[PDB]
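Listed here are the chains, written in short residue letters.
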Amino acid sequence: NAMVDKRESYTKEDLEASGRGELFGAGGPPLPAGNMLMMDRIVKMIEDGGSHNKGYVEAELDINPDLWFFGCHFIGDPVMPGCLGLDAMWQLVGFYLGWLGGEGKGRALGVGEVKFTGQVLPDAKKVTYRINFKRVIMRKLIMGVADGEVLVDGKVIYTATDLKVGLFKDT
Amino acid sequence: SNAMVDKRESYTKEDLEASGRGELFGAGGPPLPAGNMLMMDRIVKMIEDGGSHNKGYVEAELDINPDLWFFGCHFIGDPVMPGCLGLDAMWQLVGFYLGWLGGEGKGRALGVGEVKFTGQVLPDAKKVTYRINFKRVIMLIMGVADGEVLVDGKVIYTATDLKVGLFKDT
């Protein structure tokens, strides 16, 4: 919890290093790698920023027509699964806890209401994730609670209330 | 409504693969996803008047082995099935049930009310079970349901108010 002079943005290379457990300390929570990594860059991180003044992170995914999920979901009718945008938000909550200096391995613990009101199609350009923290709890289990939004090409299409993620010392 | 439905009480992996190709409910009904987004291997039970609200009960299974694609990438050093993929399995089953009843269109998950994860699927697990209890079926075709995910017989996720619609024009 003594970590200061924090970076406010991260590149794709940084996100891949995180997947290897090589961005933060070896004890920090890694992002998923490969086909489960659902963003290309983190554009903004602010401690005590965001809609509740308790933390903010903004990230982006470039929507390339060759993204793996388009081919299989659904065949000949490509659309990004909402569940993967939801996971992207969970991953960002966990990442933010690690960014503060939290040690452990991340596990999504749940979410309140999730609404999918639009779709991400291959013809889209960019998905944006906006995460607004409500609670940061530095206990034996480090826990983050946040509200999230997913935008496609600048318009909000998903909302999630009370995303919850924990960092476990031992799973 | 879609009259071209192959309506049975259980479905095999071949049936699920056929569904991904649109061969179970035909041109007018909702296909399942395929490949690495298909999150079950069979549907064990479908009961039209069954479940908590006497509106539908569906049970399905995913066989677990250490080589499933998601284990390798989520996370390196700490393989665990993403909860979101079990949620998707349940959303897909809600859409599938709508099609099974003759619903016309392509499925789209609309959201969920509340989700609690109290456990995890590790690569040394053997079976994941999905249990879906339908609460509302509107035949604007949509379904509202509660779902549970178990691993090796133990409940690890609950999801209330899973919602899916069928859209003739996505």
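Refer to the preceding data block for the structure.
This report concerns the structure included in the present document. (Residues numbered from 1 in each chain as written, not as in the entry; some residues may be left out. Chains lettered and ligands numbered in written order. Heavy atoms only, no water.)

Side note on helix α3 (residues 82-99) of chain A
Residues and elements named next belong to chain A.
Okay, step 1: Helix length check: α3 (18 residues) gives 26 Å between terminal C-alpha atoms against 26 Å at 1.5 Å per residue, within 8%.
Okay, step 2: Here α3 lies mainly inside the structure; 18 of its 18 residues are buried.
Okay, step 3: Taken from the residues just after α3, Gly101 is the one with a positive phi, measuring 115°. (Helix = DSSP H or I, 4+ residues; strand = E, 2+ residues; numbered from the N terminus. Expected span 1.5 Å × (residues − 1). Buried < 20%, exposed > 50% of the residue type's maximum accessible area, 1.4 Å probe, protein only.)

As for the pairing of strand β4 (residues 114-117) of chain B
Okay, step 1: Side-chain alternation along β4 of chain B places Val115 and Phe117 of chain B on a buried face and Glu114 and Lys116 of chain B on a face that remains uncovered.
Okay, step 2: Across two bridges, strand β3 (residues 105-111) of chain A lies against β4 of chain B in antiparallel orientation. Across the sheet, residue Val111 of chain A finds its bridge partner in β4 of chain B, namely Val115 of chain B. (Pairing = 2+ DSSP bridges.)

What about the pattern of salt bridges?
Should their charged atoms come close, side chains of opposite charge can pair.
Okay, step 1: In this structure the tally under the stated criterion is 26 salt bridges over all chains.
Okay, step 2: In this structure, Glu58 of chain A engages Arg130 of chain A in a salt bridge whose closest nitrogen and oxygen atoms are separated by 3.5 Å. Pair noted here: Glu58 of chain A is in strand β2 (residues 56-62) and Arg130 of chain A is in strand β5 (residues 126-138), with a separation of 72 residues, a long-range link.
Okay, step 3: With relative accessibility at 30%, the residue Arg130 of chain A sits in the partly exposed group.
Okay, step 4: Between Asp161 of chain B and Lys135 of chain B there is a salt bridge; the shortest N-O distance is 2.8 Å.
Okay, step 5: The partly exposed category is assigned to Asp161 of chain B, whose relative accessible area is 27%.
Okay, step 6: Each of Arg41, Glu60, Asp62 and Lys126 of chain A takes part in a single network of salt bridges with overlapping partners. (Salt bridge = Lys/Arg side-chain N within 4 Å of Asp/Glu carboxyl O.)

Considering the environment of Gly55 of chain A
Residues and elements named next belong to chain A.
Okay, step 1: Inspection of the secondary structure assignment puts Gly55 in the loop between β1 (41-46) and β2.
Okay, step 2: Separated by 78 residues in sequence, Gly55 and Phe133 place their C-alpha atoms 4.9 Å apart.
Okay, step 3: Apart from residues no more than four positions distant in its own chain, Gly55 is found in contact with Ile46, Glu47, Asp48, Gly49, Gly50, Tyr96, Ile131, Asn132 and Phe133. (Contact = heavy atoms within 4.5 Å.)

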